[PDB]
Amino acid sequence: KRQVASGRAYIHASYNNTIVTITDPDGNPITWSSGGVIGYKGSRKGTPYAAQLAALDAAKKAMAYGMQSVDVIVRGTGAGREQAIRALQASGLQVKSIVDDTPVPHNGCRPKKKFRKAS
Amino acid sequence: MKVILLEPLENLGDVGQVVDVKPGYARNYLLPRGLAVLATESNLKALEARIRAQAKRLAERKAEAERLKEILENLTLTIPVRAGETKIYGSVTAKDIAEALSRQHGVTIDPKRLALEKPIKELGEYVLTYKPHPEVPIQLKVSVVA
Amino acid sequence: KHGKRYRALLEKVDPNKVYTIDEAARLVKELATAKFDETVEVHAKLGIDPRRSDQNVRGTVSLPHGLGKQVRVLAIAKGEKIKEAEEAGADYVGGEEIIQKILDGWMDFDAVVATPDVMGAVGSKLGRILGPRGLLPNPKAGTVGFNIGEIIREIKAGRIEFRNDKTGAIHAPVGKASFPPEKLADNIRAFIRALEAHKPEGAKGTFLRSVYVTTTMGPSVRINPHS
RNA sequence: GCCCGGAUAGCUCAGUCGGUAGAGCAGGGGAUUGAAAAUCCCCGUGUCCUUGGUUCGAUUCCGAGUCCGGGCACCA
RNA sequence: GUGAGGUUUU
RNA sequence: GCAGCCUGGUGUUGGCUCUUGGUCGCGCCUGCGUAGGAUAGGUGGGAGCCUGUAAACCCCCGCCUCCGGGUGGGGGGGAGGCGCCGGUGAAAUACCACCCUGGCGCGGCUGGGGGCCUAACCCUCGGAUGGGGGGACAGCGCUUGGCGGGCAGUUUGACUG
Ligand SMILES: [Mg+2]
Ligand SMILES: [Mg+2]
Ligand SMILES: [Mg+2]
Ligand SMILES: [Mg+2]
Ligand SMILES: [Mg+2]
Ligand SMILES: [Mg+2]
Ligand SMILES: [Mg+2]
Ligand SMILES: [Mg+2]
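Residue numbers (full-length UniProt numbering), protein chains in the order written: chain A, 11 to 129; chain B, 1 to 146; chain C, 3 to 229.
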């Protein structure tokens with residue numbers, strides 16, 4: 011396929027998983043990995059050592075394509091997004107701007123009752 | 001299948017050769033339209049029995065017919081349409097325009113093959129493939145329906 | 003690989019030949035520019051399937067002309083070795099009891115001799131260097147005769163073999179760079195039909211497909227399978 | 001009868017895509033928990049279908065079938 | 001921004 | 001067995017287009033669990049040839065990639081790359097390729113699945129040799145296999161306090 015250099019990127023940083031996927035300026039992903047490629051089950055794929063072979067593998071199987079920047083978009087907050095994204099921010103990949111799309115859930119009525127014990 | 005052509009059918013070779021083609025094509029698309037003929041020993045005798053007396057009729061009915069790009073659509077003319085009716089209620093077809101061009105501007109057309117596919121609601125440019133070994137089509141430009 | 007020597011006379015490959023018998027068999031002298039003792043290594047093909055039982059390729063045949071190739075075996079002297087000054091024996095070493103498993107041998111094998119016939123106990127113990135390529139002595143090799151002095155005398159000027167594993171990468175070491183069709187008159191006369199007489203019972207198919215007489219210094223020419 | 005996938009410890013099962021191997025019971029006592037349940041620990045049971053062969057081997061690959069099944073015939 | 005396979009009354 | 005239903009082939013039944021399929025090797029350059037120096041396929045020659053008809057630390061570079069990296073056009077290099085042994089092991093290359101493992105251009109027929117037109121065919125419109133829609137599908141014939149008590153012809157033995 012045609013390798014791409016410029017473009018934006020998408021970031022998933024939920025409680026159970028932290029995986030990025032680098033896109034084009036049209037919104038087409040280029041790869042995805044996980045912590046399940048080692049076999050990280052449950053919540054063993056959070057913030058400080060075992061699984062930046064998800065996002066850094068998402069830039070490392072994209073290293074053969076050679077992307078320029080990763081414009082950050084974070085869907086799903088908490089659970090240690092900071093060092094997992096900042097591994098890709100300043101240890102090999104350039105960035106253009108920091109304009110984040112934080113998800114703002116309302117849903118009208120309730121989702122699954124895990125949140126409602128602490129409202 | 002011995003079929004003889006009278007005009008080039010855009011494929012399948014030239015006129016008068018011994019060409020093979022499906023009977024579903026030649027039987028329904030070529031024979032009732034008057035373009036290809038079943039070739040027996042009679043119709044296979046006729047094309048060499050007349051090599052000038054009918055090829056001159058192809059020169060007349062084709063070389064005389066390939067000059068009708070003069071006063072039909074290339075010159076600028078206001079095409080007569082119906083009264084508005086801002087949004088098109090009845091879409092324009094190949095049939096419903098030559099009586100307008102027959103009332104105003106005096107241009108008489110077939111009116112077949114003025115829409116080879118998709119009789120469409122909208123308006124724009126369109127080419128009229130008049131087909132002696134088909135040549136360059138004349139261009140109509142519908143601009144307004146008011 | 004596509005260097006200086008292949009760009010010279012690559013026209014003689016000719017992948018659209020019609021029928022060649024002699025002019026693609028004898029032309030190994032100067033189409034193969036060799037300044038050394040080369041082996042012509044005549045190819046062939048035995049058509050079998052290597053993934054079933056009752057199917058064991060093995061072939062050993064001799065050639066009494068001389069081959070330009072000596073015996074060069076590693077003789078180990080044991081009981082019943084000498085023949086009381088038989089005038090053609092006791093030339094190589096007679097001992098040293100090599101147990102060279104440490105530093106894993108010396109990996110330059112040309113011919114292996116083994117006299118005592120103890121293969122039921124030394125099986126997969128003496129054939130340590132040659133497992134899959136298999137220049138180890140075997141009971142199916144046919145080198146078991148009446149007396150002892152018939153193995154060295156046949157490896158000397160003889161004992162060529164055809165046996166393959168999973169493919170047909172086969173060879174026939176007979177001549178030097180300058181051998182004539184008077185030597186092809188016992189090479190391609192008896193070897194290509196020796197691999198047709200020697201045959202496993204599961205032979206079904208083409209059975210003679212890719213027989214190239216190609217060299218180390220020259221191109222790949224093709225003859226008809228009978229010549 | 002041609003072809004299709006397999007027979008692993010009283011019970012059944014973790015298997016290999018050729019260099020590995022078994023966990024559970026009627027069982028005895030066992031850090032535990034302040035002497036209570038057993039959460040948890042040693043532990044009684046491999047011709048890995050019968051046999052032949054590339055193979056450093058076979059606890060695993062391939063060939064005939066004796067072991068059981070579905071489709072497919074065929075049965076004077 | 002964070003924590004429980006979790007217990008029984010002598 | 002039949003009625004009826006489903007379904008492949010074929011006639012009615014055509015015009016195009018897209019990517020896929022099969023005997024398909026003329027061609028591309030695909031092998032890294034790997035224990036040492038590794039783009040290390042099993043092996044065949046294995047002391048010659050890469051080489052001044054333009055080398056080497058690695059800079060040309062399409063090619064694929066498991067991301068390490070090797071093999072072709074070589075435009076500017078300028079006698080240096082270093083292997084048979086040691087080293088790895090179930091196997092020793094660098095010179096000539098035997099087919100498997102594969103991304104792939106095409107020689108034979110397009111086999112199937114889609115998108116458009118449509119005159120055949122079908123439905124429909126007041127006064128219908130003309131308009132609209134479906135559209136080579138449906139229906140119908142032959143042939144092939146299956147379902148099929150809805151139906152028909154049938155069998156369901158003998159000894160016997
Ligand atoms: Mg309590
Ligand atoms: Mg039918
Ligand atoms: Mg349509
Ligand atoms: Mg019609
Ligand atoms: Mg229509
Ligand atoms: Mg039909
Ligand atoms: Mg009945
Ligand atoms: Mg009756």
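Note that beta-carbon positions come from the ideal geometry of N, C-alpha and C, so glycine has one too.
Handout entry: DSSP state of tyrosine 29 of chain B mapped onto helix, strand, coil
Key = Counting from one through the second sequence, the residue named residue 29 of chain B turns up at place 29. In this structure, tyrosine 29 of chain B counts as helix in the three-state DSSP scheme.
Exercise for the section: List in chain order: all unbroken alpha helix (DSSP H) runs of 4+ residues lying wholly within the stretch 19-96 of chain B. Expected result: 43-49 and 55-63
Exercise for the section: Grab me the residues of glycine 76 of chain A's own chain with a C-beta within less than 7 angstroms of its C-beta, minus the 5 sequence neighbours each way, in chain order. Expected result: Counting from 1 along the first sequence, the entry for residue 76 of chain A is found at position 66. The residues are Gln13 and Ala15.
Practice task
Please list the segments of the beta strand (DSSP E) lying wholly inside the stretch 119-174 of chain C, counting only runs of 3 or more residues, in order along the chain.
Solution key: 162-164
Handout entry: Neighbourhood of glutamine 104 of chain B by C-beta, 6 angstroms cutoff - its chain only, sequence neighbours within 5 removed
Key = Your numbering for residue 104 of chain B matches position 104 in the second sequence. Cβ neighbours of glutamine 104 of chain B beyond the five flanking positions: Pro80.
Practice task
Report yes or no: do three or more beta-carbon pairs, one from the stretch 100-119 of chain C and one from the stretch 131-142 of chain C, lie closer than 8 angstroms?
Solution key: yes
Problem - Separation of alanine 19 of chain A from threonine 112 of chain A, as counted between CA atoms - result: The count along the first sequence starts at 1 and reaches residue 112 of chain A at position 102. The count along the first sequence starts at 1 and reaches residue 19 of chain A at position 9. Rounded to the nearest angstrom, the two C-alpha atoms are 14 angstroms apart.
Problem - Three CB pairs or more closer than 8 angstroms across the stretch 216-227 of chain C and the stretch 68-75 of chain C - result: no
Handout entry: the stretch 45-54 of chain B touching the stretch 118-137 of chain B, judged by at least three CB pairs closer than 8 angstroms
Key = no
Exercise for the section: Select from B:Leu75, B:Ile4 and B:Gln17 the residue whose C-alpha is nearest the C-alpha of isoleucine 138 of chain B. Expected result: The sequence position of residue 138 of chain B within the second sequence is 138, counting from 1. Comparing Cα-Cα distances from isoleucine 138 of chain B to each of B:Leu75, B:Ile4 and B:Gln17, the minimum goes to B:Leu75.
Exercise for the section: Label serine 143 of chain B either buried or exposed according to how many other C-beta atoms from any shown protein chain fall within 10 Å of its C-beta, with 16 as the threshold for buried. Expected result: Within the second sequence, residue 143 of chain B is the residue found at index 143, counting from 1. Exposed, by the Cβ-count rule.
Handout entry: contact_flag[the stretch 83-96 of chain A, the stretch 27-36 of chain A] where n(CB pairs < 8 angstroms) is 3 or more
Key = yes
Handout entry: Alpha-carbon spacing of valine 37 of chain B relative to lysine 141 of chain B, whole angstroms
Key = On the second sequence, residue 37 of chain B is found 37 positions in, with the first residue counted as 1. On the second sequence, residue 141 of chain B is found 141 positions in, with the first residue counted as 1. Going from the Cα of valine 37 of chain B to the Cα of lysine 141 of chain B covers about 37 angstroms.
Handout entry: Limits of the alpha helix (DSSP H) - the one that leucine 66 of chain A falls within
Key = Looking up residue 66 of chain A in the first sequence gives position 56. It spans 65-68 - the alpha helix (DSSP H) in which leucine 66 of chain A sits, taken as one unbroken run.
Practice task
With distances taken Cα to Cα, identify the nearest neighbour of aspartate 56 of chain C among C:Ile100, C:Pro17 and C:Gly204.
Solution key: Counting from 1 along the third sequence, the entry for residue 56 of chain C is found at position 54. It is C:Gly204 whose Cα lies nearest to the Cα of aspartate 56 of chain C.
Handout entry: Under 7 angstroms between C-beta atoms of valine 215 of chain C and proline 227 of chain C
Key = On the third sequence, position 213 is the one that residue 215 of chain C refers to. On the third sequence, position 225 is the one that residue 227 of chain C refers to. No, they are not a contact pair.
Handout entry: Cα-Cα separation, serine 126 of chain C to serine 64 of chain C
Key = Residue 126 of chain C sits at position 124 when you count from the first residue of the third sequence. Residue 64 of chain C sits at position 62 when you count from the first residue of the third sequence. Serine 126 of chain C and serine 64 of chain C: Cα-Cα distance of roughly 27 angstroms.
Problem - Between the CA atoms of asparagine 117 of chain A and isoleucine 32 of chain A - distance to the nearest angstrom - result: Residue mapping note: residue 32 of chain A aligns to position 22 of the first sequence, counting from 1. Residue mapping note: residue 117 of chain A aligns to position 107 of the first sequence, counting from 1. Spanning the two alpha carbons is a distance of roughly 28 angstroms.
Practice task
Identify every residue that forms a DSSP beta bridge with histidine 105 of chain B.
Solution key: Your numbering for residue 105 of chain B matches position 105 in the second sequence. Paired residues: none, contrary to the question.
Practice task
To the nearest angstrom, report how far apart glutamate 43 of chain C and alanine 34 of chain C are at their CA atoms.
Solution key: The residue you call residue 43 of chain C lines up with position 41 of the third sequence. The residue you call residue 34 of chain C lines up with position 32 of the third sequence. Cα to Cα, the separation comes out at about 12 angstroms.
Practice task
Would you be able to state if there are at least three C-beta pairs under 8 angstroms between the stretch 99-111 of chain A and the stretch 69-88 of chain A?
Solution key: yes
Problem - Exposed unless 16 or more other CB atoms sit within 10 angstroms - verdict on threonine 217 of chain C - result: Stepping through the third sequence from its first residue, residue 217 of chain C is reached at position 215. Its Cβ being crowded by 16 or more others within 10 Å, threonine 217 of chain C is buried.
Practice task
Measure the beta-carbon distance from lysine 47 of chain C to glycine 170 of chain C and round it to whole angstroms, keeping in mind my assumption that it falls under 8 angstroms.
Solution key: Against the third sequence, residue 47 of chain C aligns to sequence position 45. Against the third sequence, residue 170 of chain C aligns to sequence position 168. 4 angstroms between Cβ atoms; contact.
Exercise for the section: Work out the CA separation of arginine 165 of chain C and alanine 90 of chain C for me, nearest whole Å. Expected result: Sequence index remark: in the third sequence, residue 90 of chain C carries index 88 (1-based). Sequence index remark: in the third sequence, residue 165 of chain C carries index 163 (1-based). Rounded to the nearest angstrom, the two C-alpha atoms are 31 angstroms apart.
Exercise for the section: Rounded to whole angstroms, what's the CA-CA distance from residue 2 of chain C to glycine 49 of chain C? Just pull it up for me. Expected result: Residue 2 of chain C falls outside the range modelled here, since chain C spans only 3 to 229, and no answer is possible.
Practice task
Report buried or exposed for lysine 22 of chain B, applying the criterion of at least 16 other Cβ atoms within 10 angstroms of its Cβ.
Solution key: The sequence position of residue 22 of chain B within the second sequence is 22, counting from 1. By the neighbour-count rule (16 or more Cβ atoms within 10 Å), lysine 22 of chain B is not buried but exposed.
Exercise for the section: Give the secondary structure of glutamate 125 of chain B by DSSP, where H, G and I count as helix, E and B as strand, and everything else as coil. Expected result: Residue numbering aside, residue 125 of chain B sits at position 125 when the second sequence is read from its first letter. Note: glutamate 125 of chain B maps to strand in three-state DSSP.
Problem - Given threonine 62 of chain C as reference, the closest of C:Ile172, C:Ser229, C:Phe181 and C:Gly96 once Cα atoms are compared - result: Residue numbering aside, residue 62 of chain C sits at position 60 when the third sequence is read from its first letter. Among C:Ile172, C:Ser229, C:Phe181 and C:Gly96, the Cα nearest to that of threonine 62 of chain C belongs to C:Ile172.
Practice task
State the beta-bridge partners of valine 63 of chain C as determined by DSSP.
Solution key: Here residue 63 of chain C refers to the residue found at position 61 of the third sequence. In DSSP, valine 63 of chain C forms a bridge with C:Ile162.
Practice task
Give the range of the alpha helix (DSSP H) segment to which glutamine 104 of chain A is assigned.
Solution key: Stepping through the first sequence from its first residue, residue 104 of chain A is reached at position 94. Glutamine 104 of chain A -> no alpha helix (DSSP H), and no H or E assigned at all.
Handout entry: Three or more C-beta pairs below 8 angstroms linking the stretch 61-68 of chain A and the stretch 42-50 of chain A
Key = yes
Problem - Extent of the continuous beta strand (DSSP E) to which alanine 79 of chain C belongs - result: Along the third sequence, one-based indexing puts residue 79 of chain C at 77. Segment: none, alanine 79 of chain C is in no beta strand (DSSP E) and carries neither H nor E.
Exercise for the section: State the DSSP-derived secondary structure class of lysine 141 of chain B, mapped to helix, strand or coil. Expected result: Taking the first residue of the second sequence as position 1, residue 141 of chain B is located at position 141. If DSSP states are grouped into helix, strand and coil, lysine 141 of chain B belongs with the strands.
Exercise for the section: Could you check the C-alpha separation between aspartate 14 of chain B and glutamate 7 of chain B for me, to the nearest Å? Expected result: On the second sequence, residue 14 of chain B is found 14 positions in, with the first residue counted as 1. On the second sequence, residue 7 of chain B is found 7 positions in, with the first residue counted as 1. Computed Cα separation, rounded: 8 angstroms.
Exercise for the section: Out of B:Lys131, B:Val107 and B:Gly106, point me to the one whose CA is closest to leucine 116 of chain B's CA. Expected result: The count along the second sequence starts at 1 and reaches residue 116 of chain B at position 116. The residue with the shortest Cα to Cα distance from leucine 116 of chain B is B:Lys131.
Practice task
Sort out for me which residues DSSP pairs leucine 5 of chain B with in a bridge.
Solution key: Within the second sequence, the letter at position 5 stands for residue 5 of chain B. Answer by DSSP bridge pairing, in chain order: B:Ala36.
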